[PDB]
Amino acid sequence: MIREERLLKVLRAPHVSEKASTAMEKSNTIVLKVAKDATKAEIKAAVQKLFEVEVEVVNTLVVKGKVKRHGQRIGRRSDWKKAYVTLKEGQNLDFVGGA
Amino acid sequence: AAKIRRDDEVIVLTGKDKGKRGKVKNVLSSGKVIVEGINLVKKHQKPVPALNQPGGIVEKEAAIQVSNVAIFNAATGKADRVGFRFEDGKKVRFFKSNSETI
Amino acid sequence: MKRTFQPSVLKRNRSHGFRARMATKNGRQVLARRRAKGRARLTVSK
Amino acid sequence: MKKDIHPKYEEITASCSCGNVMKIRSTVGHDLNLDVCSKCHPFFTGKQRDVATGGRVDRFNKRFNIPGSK
RNA sequence: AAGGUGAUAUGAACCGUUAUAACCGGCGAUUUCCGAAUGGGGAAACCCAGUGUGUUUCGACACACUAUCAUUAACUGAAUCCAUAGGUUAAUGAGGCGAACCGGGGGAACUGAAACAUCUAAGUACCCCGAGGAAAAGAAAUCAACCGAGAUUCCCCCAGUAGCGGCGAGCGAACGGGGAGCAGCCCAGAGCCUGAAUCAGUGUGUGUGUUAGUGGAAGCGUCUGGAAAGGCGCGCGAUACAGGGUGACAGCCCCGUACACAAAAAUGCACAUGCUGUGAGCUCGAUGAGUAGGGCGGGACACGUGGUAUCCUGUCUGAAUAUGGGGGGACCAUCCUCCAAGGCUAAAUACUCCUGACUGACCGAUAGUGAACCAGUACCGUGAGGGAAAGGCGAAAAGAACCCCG
RNA sequence: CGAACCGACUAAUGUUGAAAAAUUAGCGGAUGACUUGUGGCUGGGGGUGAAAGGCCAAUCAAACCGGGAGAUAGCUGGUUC
RNA sequence: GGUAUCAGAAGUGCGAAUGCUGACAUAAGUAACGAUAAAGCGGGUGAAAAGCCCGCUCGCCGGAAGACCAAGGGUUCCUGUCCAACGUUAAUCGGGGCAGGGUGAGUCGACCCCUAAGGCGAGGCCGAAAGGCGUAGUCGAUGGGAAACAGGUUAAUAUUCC
RNA sequence: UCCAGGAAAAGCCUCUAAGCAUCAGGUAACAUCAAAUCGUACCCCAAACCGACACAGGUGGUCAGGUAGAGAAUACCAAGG
């Protein structure tokens with residue numbers, strides 16, 4: 001494929017947030033703590049080879065940490081990158097381990 | 001530096017208990033010598049806010065400097081400040097100034 | 001009334017501070033005397 | 001500034017008056033150009049006096065065999 | 001080398017005990033984005049392209065190269081035959097940081113003179129350029145005084161003398177003497193001989209340092225006390241009783257300690273070497289012209305034009321050329337001494353961002369660094385910039401289970 | 001003529017304020033040499049100025065920051081058993 | 001931990017300098033609690049309610065004291081919690097503390113094409129050095145270039161999700 | 001209608017140059033693939049911004065209901081706060 005890129009680890013970690021399970025109509029989607037820079041296309045393909053599910057579309061964004069914490073008074077942000085990404089209907093979680 | 005490894009049966013020196021047995025210990029390179037003959041009855045709170053709020057008022061350690069009765073074979077102390085030779089490849093521990101390696 | 005300030009990032013570079021410092025003998029001098037002399041965490045641009 | 005063949009000057013000095021002025025003096029020599037080389041033909045050097053008179057006892061060639069070589 | 005997974009906190013999950021677990025030292029591999037930042041741009045850590053690539057489910061991913069100058073090389077190439085200007089490519093190289101000492105270009109004022117212009121402060125502050133480990137200077141157109149010394153540099157004297165100076169304030173030598181250090185050589189050119197000494201960059205080796213380390217002595221008893229290193233009795237080591245640490249002060253408990261060993265590798269300096277370039281040596285030659293002087297204007301010489309030698313010069317002139325030319329404090333004669341217009345050079349001398357060891361009739365938290373502590377932090381400012389407060393339970397966390405008021 | 005908007009003639013209050021120049025009631029201009037957002041350009045003996053030495057970051061008969069610097073102070077204060 | 005003695009060397013002796021740093025007084029439990037758009041009551045919760053939640057009244061603003069966005073801010077948003085310090089009082093409450101959660105785009109915006117003022121600027125012209133100016137050219141919006149609406153939905157997103 | 005006589009460049013349309021020369025390209029229809037990456041929370045005439053403050057001050061643009069009224073005055077009200 002044109003797997004030549006970084007399809008290796010563009011995706012990682014779920015989210016099990018409040019949005020989880022609440023965000024399931026015609027198509028369960030997802031979250032994934034996707035790497036800060038995985039783009040949409042790469043994400044679409046990430047779930048292709050792995051998870052073996054059919055992705056319709058991707059979205060993603062950023063969300064930023066922020067907090068003071070220090071030996072006295074400094075502390076800083078953290079940064080992330082959410083990613084909904086939709087799948088389909090005719091294919092459920094199937095043989096897998098939810099969590 | 002300390003060389004005194006585990007199971008190394010030493011004796012209490014310097015003070016407090018003193019003249020006590022104790023062996024093994026749990027000293028470590030730049031670490032601590034639990035031994036067996038150093039420990040007064042202490043206490044634990046209920047740190048774990050959980051069902052198992054325990055305690056631990058029994059047993060514990062009493063660091064104390066590595067400066068304890070050197071290993072000792074016959075009487076007491078008997079400094080191990082000597083170095084064997086042509087044995088092992090890593091080390092070559094010797095022993096008290098009485099005999100040779102032990 | 002108008003208290004002499006009024007912020008505007010864009011208006012904080014060539015016009016003042018920021019990275020523009022790297023465009024003049026003195027400008028670049030500032031960085032040395034600033035950072036080096038008395039290590040500054042500095043921050044200039046945000 | 002130039003007088004290429006020879007060094008130049010532009011060194012400062014104080015121009016005293018009747019006793020003293022702690023002022024400053026400087027910029028000297030001059031310029032000119034368009035010097036016909038017996039070879040092909042003139043590149044215009046901006047020499048000056050002491051530079052112009054130098055191209056005489058000398059050459060025009062050796063007087064240039066330096067602004068090239070070195 | 002028996003432990004070990006950096007710290008504020010364990011804990012979890014673990015790696016190790018024989019010899020590839022840690023940990024220390026050497027050489028490497030990797031090393032995102034920004035930053036000389038260099039493919040172009042840009043409010044720094046972001047944005048956009050060209051041209052090549054591999055794997056390719058064969059759109060792509062990322063990767064890699066592409067800044068600008070300078071030297072050379074080749075190819076292209078205008079007005080104009082030529083030729084240049086210009087253009088392209090390629091290999092080298094530079095570029096930026098950097099504490100001080102050092103050379104150099106530019107250069108104050110407060111201040112003092114009990115005012116202030118000369119004069120001083122001071123060629124200091126500062127700003128700019130450059131290079132080294134030191135730099136710079138350096139083998140007499142030096143000085144001396146009719147005797148002679150013999151490159152530069154740094155130290156003590158000569159001397160606060162001579163002299164300069166609104167002869168004010170103040171500035172302030174040298175000859176000569178005692179020392180540290182101590183070497184002189186190249187081109188200005190041909191021939192003979194002919195790769196010879198001398199250096200420079202490099203691969204190598206040896207010495208001796210730097211980067212991990214190894215061995216390293218000799219104490220029991222009893223007393224007081226929570227605790228013994230302390231009291232008292234006796235005993236032993238000492239090329240080691242520096243020091244630190246250990247539950248009160250220890251040579252003999254631990255780290256060390258004198259002393260004695262040690263390096264795959266990597267490098268500093270030395271010597272030695274090979275390679276490359278250099279070019280020795282003999283003969284006979286050559287001997288630094290817009291220069292020396294000088295007129296005008298200035299600056300430098302302790303010397304403020306003074307009678308002012310000498311040095312550098314902006315500006316304008318301009319010679320002899322070794323039976324010739326400079327100097328010897330206006331200047332002339334005589335005598336003496338030395339050859340300027342070309343260049344290189346170790347050492348003694350200077351400085352401290354940093355390195356390891358060590359020392360102190362140096363401080364001990366209002367001291368000593370601004371900072372003994374997550375300090376150039378918090379703060380404050382548009383900014384440059386300014387710039388804190390803040391140490392100590394105990395030997396041991398044994399940091400107070402549990403109970404009671406709330 | 002008169003709202004917005006721009007400006008500040010008068011009085012009271014405030015004067016350790018709500019406020020390091022304002023609040024309240026009046027007041028002047030309000031298609032113009034008008035008014036305002038954004039960004040840019042002029043730098044200190046220098047800028048800008050329908051001119052008051054006005055303005056140049058609560059600073060202006062010569063800005064702020066760092067330096068020469070411990071300027072100088074025939075003056076004032078203080079000077080320990 | 002200290003140090004007769006005799007000797008040695010001083011950051012050698014404070015009450016003042018509108019001295020410097022810190023701590024604590026005084027006035028004094030005094031003034032003041034920030035627009036004169038005043039609030040009453042019944043429940044709830046709670047150790048406690050004038051102030052918080054629920055409800056009915058009442059009053060205030062409405063070219064706004066409403067709604068949206070830019071600038072600037074940089075989690076202040078929503079949920080749960082806790083009330084030391086911070087709120088000029090109390091506080092069970094908050095823009096406070098500690099946790100979590102929360103901003104989903106081919107059509108909106110920035111990137112991105114384009115250029116303004118102006119900036120930078122190969123080579124180049126100047127200038128003791130630093131550096132000034134500027135040709136090609138390259139940046140620079142506050143201006144010109146292409147395309148979406150209406151319902152619905154979340155505790156909090158929305159011409160982004162359906 | 002007037003005098004003070006009112007950006008620029010690109011996209012866009014079009015015309016040709018060199019070049020192409022049964023080709024490529026151009027226009028239209030539809031089929032399909034692509035449209036990346038950042039921002040998006042909340043305050044925003046204010047308790048989240050500039051004023052040291054939960055400060056009677058400052059801050060650009062947009063929207064613009066009923067009765068009355070010349071009206072974005074003013075008074076009482078909607079939605080809302």
# chains A, B, ... in the order shown; residues from 1 in each chain; ligands from 1
call {"tool": "residues_around", "arguments": {"residues": "segment 52-54 of chain A", "least_positions_apart": "3", "cutoff": "8 Å", "atoms": "only C-alpha atoms (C1' of nucleotides)", "output": "list in words"}}
result
residues 47, 48, 49, 87, 88 and 91 of chain A
call {"tool": "write_last_selection", "arguments": {"atoms": "C-alpha atoms", "output": "PDB file, in the first residue's frame"}}
result
ATOM      1  CA  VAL A  47      -8.080   1.329  11.652  1.00  0.00           C
ATOM      2  CA  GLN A  48      -8.072  -0.395   8.261  1.00  0.00           C
ATOM      3  CA  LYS A  49      -5.162  -2.824   8.630  1.00  0.00           C
ATOM      4  CA  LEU A  87     -17.317   3.097  11.150  1.00  0.00           C
ATOM      5  CA  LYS A  88     -20.543   1.531   9.866  1.00  0.00           C
ATOM      6  CA  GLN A  91     -20.230  -4.744  11.584  1.00  0.00           C
TER       7      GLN A  91
END
call {"tool": "interface_residues", "arguments": {"of": "chain A", "to": "chain H", "cutoff": "9 Å", "atoms": "only C-alpha atoms (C1' of nucleotides)", "output": "number ranges by chain"}}
result
A: 39-41
call {"tool": "closest_atom_pairs", "arguments": {"of": "chain E", "to": "chain C", "cutoff": "9 Å", "atoms": "only C-alpha atoms (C1' of nucleotides)", "output": "tab-separated table"}}
result
residue	atom	partner	partner_atom	distance
E:43	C1'	C:13	CA	5.6
E:44	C1'	C:19	CA	5.9
E:376	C1'	C:38	CA	5.7
E:377	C1'	C:41	CA	8.7
E:382	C1'	C:5	CA	7.2
E:383	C1'	C:17	CA	7.0
E:384	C1'	C:30	CA	7.8
call {"tool": "residues_around", "arguments": {"residues": "residue 54 of chain H", "least_positions_apart": "2", "cutoff": "12 Å", "atoms": "only C-alpha atoms (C1' of nucleotides)", "output": "PyMOL selection string"}}
result
(chain G and resi 34+86-88+94-96) or (chain H and resi 46-48)
call {"tool": "write_last_selection", "arguments": {"atoms": "N, CA, C and O atoms (P, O5', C5', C4', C3', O3' and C1' of nucleotides)", "output": "PDB file, in the first residue's frame"}}
result
ATOM      1  P     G G  34     -20.801  48.616  49.751  1.00  0.00           P
ATOM      2  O5'   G G  34     -19.763  49.644  49.118  1.00  0.00           O
ATOM      3  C5'   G G  34     -20.208  50.833  48.480  1.00  0.00           C
ATOM      4  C4'   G G  34     -19.623  50.930  47.091  1.00  0.00           C
ATOM      5  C3'   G G  34     -19.946  49.805  46.112  1.00  0.00           C
ATOM      6  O3'   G G  34     -21.224  49.976  45.515  1.00  0.00           O
ATOM      7  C1'   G G  34     -17.644  50.364  45.968  1.00  0.00           C
ATOM      8  P     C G  86      -8.116  35.298  53.366  1.00  0.00           P
ATOM      9  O5'   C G  86      -8.426  35.291  51.808  1.00  0.00           O
ATOM     10  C5'   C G  86      -7.376  35.330  50.850  1.00  0.00           C
ATOM     11  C4'   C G  86      -7.957  35.247  49.465  1.00  0.00           C
ATOM     12  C3'   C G  86      -9.191  36.124  49.274  1.00  0.00           C
ATOM     13  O3'   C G  86      -8.860  37.472  48.964  1.00  0.00           O
ATOM     14  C1'   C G  86      -9.565  33.961  48.362  1.00  0.00           C
ATOM     15  P     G G  87      -9.872  38.645  49.368  1.00  0.00           P
ATOM     16  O5'   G G  87     -11.186  38.261  48.561  1.00  0.00           O
ATOM     17  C5'   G G  87     -12.467  38.615  49.048  1.00  0.00           C
ATOM     18  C4'   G G  87     -13.511  38.265  48.025  1.00  0.00           C
ATOM     19  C3'   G G  87     -14.857  38.785  48.482  1.00  0.00           C
ATOM     20  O3'   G G  87     -15.593  39.228  47.355  1.00  0.00           O
ATOM     21  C1'   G G  87     -14.942  36.435  48.274  1.00  0.00           C
ATOM     22  P     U G  88     -15.827  40.797  47.156  1.00  0.00           P
ATOM     23  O5'   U G  88     -16.193  41.278  48.630  1.00  0.00           O
ATOM     24  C5'   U G  88     -15.553  42.410  49.197  1.00  0.00           C
ATOM     25  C4'   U G  88     -14.786  42.034  50.448  1.00  0.00           C
ATOM     26  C3'   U G  88     -15.637  41.743  51.713  1.00  0.00           C
ATOM     27  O3'   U G  88     -14.792  40.936  52.540  1.00  0.00           O
ATOM     28  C1'   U G  88     -14.401  43.759  51.981  1.00  0.00           C
ATOM     29  P     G G  94     -21.494  26.732  43.346  1.00  0.00           P
ATOM     30  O5'   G G  94     -20.765  28.136  43.160  1.00  0.00           O
ATOM     31  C5'   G G  94     -21.215  29.078  42.188  1.00  0.00           C
ATOM     32  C4'   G G  94     -20.152  30.126  41.952  1.00  0.00           C
ATOM     33  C3'   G G  94     -18.827  29.598  41.424  1.00  0.00           C
ATOM     34  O3'   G G  94     -18.849  29.552  39.999  1.00  0.00           O
ATOM     35  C1'   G G  94     -18.456  31.052  43.267  1.00  0.00           C
ATOM     36  P     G G  95     -17.888  28.533  39.209  1.00  0.00           P
ATOM     37  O5'   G G  95     -16.532  29.345  39.002  1.00  0.00           O
ATOM     38  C5'   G G  95     -16.457  30.381  38.030  1.00  0.00           C
ATOM     39  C4'   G G  95     -15.051  30.925  37.918  1.00  0.00           C
ATOM     40  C3'   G G  95     -14.436  31.340  39.255  1.00  0.00           C
ATOM     41  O3'   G G  95     -13.022  31.265  39.076  1.00  0.00           O
ATOM     42  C1'   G G  95     -14.781  33.255  37.903  1.00  0.00           C
ATOM     43  P     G G  96     -12.186  30.063  39.737  1.00  0.00           P
ATOM     44  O5'   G G  96     -12.164  30.403  41.292  1.00  0.00           O
ATOM     45  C5'   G G  96     -11.195  31.299  41.832  1.00  0.00           C
ATOM     46  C4'   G G  96     -10.684  30.774  43.152  1.00  0.00           C
ATOM     47  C3'   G G  96     -10.270  29.306  43.133  1.00  0.00           C
ATOM     48  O3'   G G  96      -8.938  29.127  42.666  1.00  0.00           O
ATOM     49  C1'   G G  96     -11.677  29.714  44.995  1.00  0.00           C
TER      50        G G  96
ATOM     51  P     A H  46     -21.123  46.311  30.611  1.00  0.00           P
ATOM     52  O5'   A H  46     -20.024  45.162  30.743  1.00  0.00           O
ATOM     53  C5'   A H  46     -20.412  43.799  30.907  1.00  0.00           C
ATOM     54  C4'   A H  46     -19.301  43.001  31.552  1.00  0.00           C
ATOM     55  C3'   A H  46     -18.640  43.600  32.763  1.00  0.00           C
ATOM     56  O3'   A H  46     -18.456  42.586  33.747  1.00  0.00           O
ATOM     57  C1'   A H  46     -17.000  43.090  31.121  1.00  0.00           C
ATOM     58  P     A H  47     -19.516  42.444  34.949  1.00  0.00           P
ATOM     59  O5'   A H  47     -18.648  41.939  36.185  1.00  0.00           O
ATOM     60  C5'   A H  47     -17.656  42.780  36.764  1.00  0.00           C
ATOM     61  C4'   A H  47     -16.375  42.008  36.978  1.00  0.00           C
ATOM     62  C3'   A H  47     -16.020  41.000  35.886  1.00  0.00           C
ATOM     63  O3'   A H  47     -14.614  41.013  35.682  1.00  0.00           O
ATOM     64  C1'   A H  47     -16.133  39.911  37.984  1.00  0.00           C
ATOM     65  P     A H  48     -14.019  41.462  34.260  1.00  0.00           P
ATOM     66  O5'   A H  48     -12.935  40.341  33.944  1.00  0.00           O
ATOM     67  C5'   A H  48     -13.294  38.966  33.978  1.00  0.00           C
ATOM     68  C4'   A H  48     -12.108  38.104  33.624  1.00  0.00           C
ATOM     69  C3'   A H  48     -11.497  38.368  32.233  1.00  0.00           C
ATOM     70  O3'   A H  48     -10.107  38.081  32.340  1.00  0.00           O
ATOM     71  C1'   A H  48     -12.327  36.151  32.348  1.00  0.00           C
TER      72        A H  48
END
call {"tool": "residues_around", "arguments": {"residues": "segment 11-17 of chain H", "least_positions_apart": "5", "cutoff": "9 Å", "atoms": "only C-alpha atoms (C1' of nucleotides)", "output": "list in words"}}
result
residues 113, 114, 144 and 145 of chain G
call {"tool": "write_last_selection", "arguments": {"atoms": "C-alpha atoms (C1' of nucleotides)", "output": "PDB file, in the first residue's frame"}}
result
ATOM      1  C1'   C G 113      -3.351  32.859  -4.488  1.00  0.00           C
ATOM      2  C1'   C G 114      -3.054  38.731  -4.903  1.00  0.00           C
ATOM      3  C1'   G G 144      -9.711  41.687  -3.963  1.00  0.00           C
ATOM      4  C1'   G G 145     -10.020  35.689  -5.377  1.00  0.00           C
TER       5        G G 145
END
call {"tool": "residues_around", "arguments": {"residues": "segment 32-42 of chain D", "least_positions_apart": "2", "cutoff": "12 Å", "atoms": "only C-alpha atoms (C1' of nucleotides)", "output": "PyMOL selection string"}}
result
(chain D and resi 2-4+29-30+44-49+51-52+55-56+59-64) or (chain E and resi 82-84)
call {"tool": "residues_around", "arguments": {"residues": "segment 44-47 of chain B", "least_positions_apart": "5", "cutoff": "8 Å", "atoms": "only C-alpha atoms (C1' of nucleotides)", "output": "list in words"}}
result
residues 53, 54, 55, 56 and 57 of chain B; 401 of chain E
call {"tool": "write_last_selection", "arguments": {"atoms": "N, CA, C and O atoms (P, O5', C5', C4', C3', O3' and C1' of nucleotides)", "output": "PDB file, in the first residue's frame"}}
result
ATOM      1  N   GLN B  53      -8.153  -1.411  55.913  1.00  0.00           N
ATOM      2  CA  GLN B  53      -7.435  -0.412  56.683  1.00  0.00           C
ATOM      3  C   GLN B  53      -6.677  -1.357  57.603  1.00  0.00           C
ATOM      4  O   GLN B  53      -7.259  -1.985  58.492  1.00  0.00           O
ATOM      5  N   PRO B  54      -5.365  -1.481  57.403  1.00  0.00           N
ATOM      6  CA  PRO B  54      -4.626  -2.402  58.266  1.00  0.00           C
ATOM      7  C   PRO B  54      -3.894  -1.829  59.466  1.00  0.00           C
ATOM      8  O   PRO B  54      -4.484  -1.447  60.477  1.00  0.00           O
ATOM      9  N   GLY B  55      -2.576  -1.782  59.311  1.00  0.00           N
ATOM     10  CA  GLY B  55      -1.702  -1.313  60.365  1.00  0.00           C
ATOM     11  C   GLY B  55      -0.348  -1.904  60.032  1.00  0.00           C
ATOM     12  O   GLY B  55      -0.006  -2.036  58.861  1.00  0.00           O
ATOM     13  N   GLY B  56       0.410  -2.300  61.047  1.00  0.00           N
ATOM     14  CA  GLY B  56       1.717  -2.877  60.790  1.00  0.00           C
ATOM     15  C   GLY B  56       2.613  -2.664  61.988  1.00  0.00           C
ATOM     16  O   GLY B  56       3.844  -2.727  61.897  1.00  0.00           O
ATOM     17  N   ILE B  57       1.966  -2.440  63.125  1.00  0.00           N
ATOM     18  CA  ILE B  57       2.653  -2.177  64.376  1.00  0.00           C
ATOM     19  C   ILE B  57       3.751  -3.177  64.746  1.00  0.00           C
ATOM     20  O   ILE B  57       4.513  -2.933  65.678  1.00  0.00           O
TER      21      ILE B  57
ATOM     22  P     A E 401      -1.932   7.701  65.002  1.00  0.00           P
ATOM     23  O5'   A E 401      -2.559   6.243  64.864  1.00  0.00           O
ATOM     24  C5'   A E 401      -2.443   5.514  63.647  1.00  0.00           C
ATOM     25  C4'   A E 401      -2.718   4.049  63.889  1.00  0.00           C
ATOM     26  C3'   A E 401      -4.095   3.790  64.473  1.00  0.00           C
ATOM     27  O3'   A E 401      -5.073   3.686  63.441  1.00  0.00           O
ATOM     28  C1'   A E 401      -2.447   2.564  65.676  1.00  0.00           C
TER      29        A E 401
END
call {"tool": "residues_around", "arguments": {"residues": "residue 66 of chain F", "least_positions_apart": "2", "cutoff": "12 Å", "atoms": "only C-alpha atoms (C1' of nucleotides)", "output": "list in words"}}
result
residues 30 and 33 of chain C; 126, 384, 385 and 386 of chain E; 64 and 68 of chain F
call {"tool": "write_last_selection", "arguments": {"atoms": "N, CA, C and O atoms (P, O5', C5', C4', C3', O3' and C1' of nucleotides)", "output": "PDB file, in the first residue's frame"}}
result
ATOM      1  N   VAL C  30      21.347  42.054  22.525  1.00  0.00           N
ATOM      2  CA  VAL C  30      20.410  41.925  23.633  1.00  0.00           C
ATOM      3  C   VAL C  30      20.292  40.476  24.093  1.00  0.00           C
ATOM      4  O   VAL C  30      20.393  40.189  25.283  1.00  0.00           O
ATOM      5  N   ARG C  33      23.681  39.272  26.113  1.00  0.00           N
ATOM      6  CA  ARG C  33      23.685  39.878  27.437  1.00  0.00           C
ATOM      7  C   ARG C  33      22.508  39.402  28.279  1.00  0.00           C
ATOM      8  O   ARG C  33      22.618  39.295  29.498  1.00  0.00           O
TER       9      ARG C  33
ATOM     10  P     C E 126      34.053  49.629  29.714  1.00  0.00           P
ATOM     11  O5'   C E 126      33.291  49.906  28.341  1.00  0.00           O
ATOM     12  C5'   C E 126      31.894  50.181  28.334  1.00  0.00           C
ATOM     13  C4'   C E 126      31.532  51.093  27.183  1.00  0.00           C
ATOM     14  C3'   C E 126      31.677  50.575  25.762  1.00  0.00           C
ATOM     15  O3'   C E 126      30.541  49.804  25.389  1.00  0.00           O
ATOM     16  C1'   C E 126      32.546  52.777  25.897  1.00  0.00           C
ATOM     17  P     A E 384      13.047  42.684  27.380  1.00  0.00           P
ATOM     18  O5'   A E 384      14.493  43.330  27.517  1.00  0.00           O
ATOM     19  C5'   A E 384      15.267  43.608  26.359  1.00  0.00           C
ATOM     20  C4'   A E 384      16.048  44.885  26.540  1.00  0.00           C
ATOM     21  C3'   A E 384      16.891  45.080  27.798  1.00  0.00           C
ATOM     22  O3'   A E 384      18.122  44.369  27.779  1.00  0.00           O
ATOM     23  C1'   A E 384      15.773  47.101  27.240  1.00  0.00           C
ATOM     24  P     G E 385      18.396  43.229  28.880  1.00  0.00           P
ATOM     25  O5'   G E 385      18.311  44.007  30.269  1.00  0.00           O
ATOM     26  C5'   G E 385      18.923  45.282  30.425  1.00  0.00           C
ATOM     27  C4'   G E 385      18.106  46.150  31.351  1.00  0.00           C
ATOM     28  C3'   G E 385      18.046  45.606  32.776  1.00  0.00           C
ATOM     29  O3'   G E 385      19.173  45.924  33.580  1.00  0.00           O
ATOM     30  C1'   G E 385      15.870  46.180  32.065  1.00  0.00           C
ATOM     31  P     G E 386      19.708  44.842  34.641  1.00  0.00           P
ATOM     32  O5'   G E 386      18.760  45.049  35.903  1.00  0.00           O
ATOM     33  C5'   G E 386      18.715  46.300  36.578  1.00  0.00           C
ATOM     34  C4'   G E 386      17.419  46.443  37.339  1.00  0.00           C
ATOM     35  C3'   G E 386      17.252  45.531  38.557  1.00  0.00           C
ATOM     36  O3'   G E 386      17.918  45.961  39.735  1.00  0.00           O
ATOM     37  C1'   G E 386      15.261  45.536  37.281  1.00  0.00           C
TER      38        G E 386
ATOM     39  P     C F  64      13.810  59.819  32.313  1.00  0.00           P
ATOM     40  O5'   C F  64      13.675  58.255  32.045  1.00  0.00           O
ATOM     41  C5'   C F  64      12.415  57.596  32.151  1.00  0.00           C
ATOM     42  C4'   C F  64      12.538  56.176  31.661  1.00  0.00           C
ATOM     43  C3'   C F  64      13.750  55.410  32.168  1.00  0.00           C
ATOM     44  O3'   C F  64      13.466  54.781  33.412  1.00  0.00           O
ATOM     45  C1'   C F  64      13.589  55.185  29.815  1.00  0.00           C
ATOM     46  P     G F  68      30.607  51.338  35.507  1.00  0.00           P
ATOM     47  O5'   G F  68      31.311  52.657  34.954  1.00  0.00           O
ATOM     48  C5'   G F  68      32.393  52.572  34.031  1.00  0.00           C
ATOM     49  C4'   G F  68      32.836  53.954  33.605  1.00  0.00           C
ATOM     50  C3'   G F  68      33.071  54.943  34.731  1.00  0.00           C
ATOM     51  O3'   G F  68      34.356  54.808  35.327  1.00  0.00           O
ATOM     52  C1'   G F  68      31.817  55.975  33.004  1.00  0.00           C
TER      53        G F  68
END
call {"tool": "interface_residues", "arguments": {"of": "chain G", "to": "chain A", "cutoff": "8 Å", "atoms": "only C-alpha atoms (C1' of nucleotides)", "output": "list in words"}}
result
residues 75, 101, 103 and 104 of chain G
call {"tool": "closest_atom_pairs", "arguments": {"of": "chain F", "to": "chain C", "cutoff": "9 Å", "atoms": "only C-alpha atoms (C1' of nucleotides)", "output": "CSV"}}
result
residue,atom,partner,partner_atom,distance
F:39,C1',C:11,CA,8.2
F:57,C1',C:4,CA,5.5
F:58,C1',C:3,CA,8.4
call {"tool": "write_last_selection", "arguments": {"atoms": "N, CA and C atoms (P, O5', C5', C4', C3', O3' and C1' of nucleotides)", "output": "PDB file, in the first residue's frame"}}
result
ATOM      1  P     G F  39      -2.942  46.427  15.364  1.00  0.00           P
ATOM      2  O5'   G F  39      -1.863  46.697  14.222  1.00  0.00           O
ATOM      3  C5'   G F  39      -1.531  45.673  13.292  1.00  0.00           C
ATOM      4  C4'   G F  39      -0.943  46.262  12.028  1.00  0.00           C
ATOM      5  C3'   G F  39       0.232  47.227  12.162  1.00  0.00           C
ATOM      6  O3'   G F  39       1.507  46.647  12.408  1.00  0.00           O
ATOM      7  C1'   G F  39      -1.295  48.034  10.539  1.00  0.00           C
ATOM      8  P     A F  57       7.112  58.091  26.316  1.00  0.00           P
ATOM      9  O5'   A F  57       5.966  57.335  27.119  1.00  0.00           O
ATOM     10  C5'   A F  57       4.726  57.974  27.415  1.00  0.00           C
ATOM     11  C4'   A F  57       3.860  57.043  28.223  1.00  0.00           C
ATOM     12  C3'   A F  57       4.578  56.391  29.394  1.00  0.00           C
ATOM     13  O3'   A F  57       3.622  56.117  30.406  1.00  0.00           O
ATOM     14  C1'   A F  57       3.966  54.738  27.813  1.00  0.00           C
ATOM     15  P     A F  58       4.030  56.252  31.950  1.00  0.00           P
ATOM     16  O5'   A F  58       2.671  56.711  32.638  1.00  0.00           O
ATOM     17  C5'   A F  58       1.828  57.666  32.001  1.00  0.00           C
ATOM     18  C4'   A F  58       1.359  58.686  33.003  1.00  0.00           C
ATOM     19  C3'   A F  58       2.467  59.175  33.930  1.00  0.00           C
ATOM     20  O3'   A F  58       2.239  60.548  34.210  1.00  0.00           O
ATOM     21  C1'   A F  58       0.783  58.049  35.184  1.00  0.00           C
TER      22        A F  58
END
call {"tool": "atom_distance", "arguments": {"atom1": "atom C1' of residue 55 of chain H", "atom2": "atom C1' of residue 387 of chain E"}}
result
28.5 Å
call {"tool": "closest_residue", "arguments": {"among": "D:54, D:8, D:31, D:66", "to": "chain E", "atoms": "only C-alpha atoms (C1' of nucleotides)"}}
result
D:54
call {"tool": "interface_residues", "arguments": {"of": "chain E", "to": "chain A", "cutoff": "12 Å", "atoms": "only C-alpha atoms (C1' of nucleotides)", "output": "number ranges by chain"}}
result
E: 7-8, 54-63, 373-374, 377-378, 390
call {"tool": "select_by_dssp", "arguments": {"residues": "segment 21-58 of chain A", "states": "helix (DSSP H, G or I)", "output": "list in words"}}
result
residues 41, 42, 43, 44, 45, 46, 47, 48 and 49 of chain A
call {"tool": "interface_residues", "arguments": {"of": "chain D", "to": "chain E", "cutoff": "7 Å", "atoms": "only C-alpha atoms (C1' of nucleotides)", "output": "JSON, numbers by chain"}}
result
{"D": [9, 13, 19, 20, 28, 54]}
